[PDB]
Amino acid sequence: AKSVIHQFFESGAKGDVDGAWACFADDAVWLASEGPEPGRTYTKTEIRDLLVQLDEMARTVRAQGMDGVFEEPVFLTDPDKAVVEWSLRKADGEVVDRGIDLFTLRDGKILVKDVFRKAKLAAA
């Protein structure tokens, strides 16, 4: 793959939890979009079940014609960091969920996946 980031989204789309999990350094953290920190930190031992939960969610939204769309990573002037814009979309194009990941890489592995998403609310 053209980067570990590409490898990660490849494996996840295919449901290869173990392949996606191995993209992360042993000292990596996945900083989820929601929690008390604010957000929520997952270490490498906890990321695999997160990936399991996400794979469960993925095929149930797919079972309703939803598509998850992950854009090409665009790197920062720091070549070990990149953003990935992403969305979850109904078959008719309606955006259900939209977010951005800030990746920090090290030694060809993911060191940080910092996840953000728009909060769907009645009013901003």
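Residue indices: 1-based, along the sequence shown.
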| query | finding |
| --- | --- |
| 17-25 versus 97-105 - which carries the larger mean C-alpha B factor in the record | 17-25 |
| Higher-B stretch (mean Cα B-factor, as the entry records it), 3-11 or 113-121 | 3-11 |
| Of the residues 64, 41, 77, 33, the one carrying the largest Cα B-factor as recorded | 64 |
| Ranked against its chain, the third holding the CA B-factor of residue 52 | middle |
| Among modelled residues of the same chain, the CA temperature factor third for residue 69 | middle |
| Third assignment of residue 92 from its chain's C-alpha B-factors | highest |
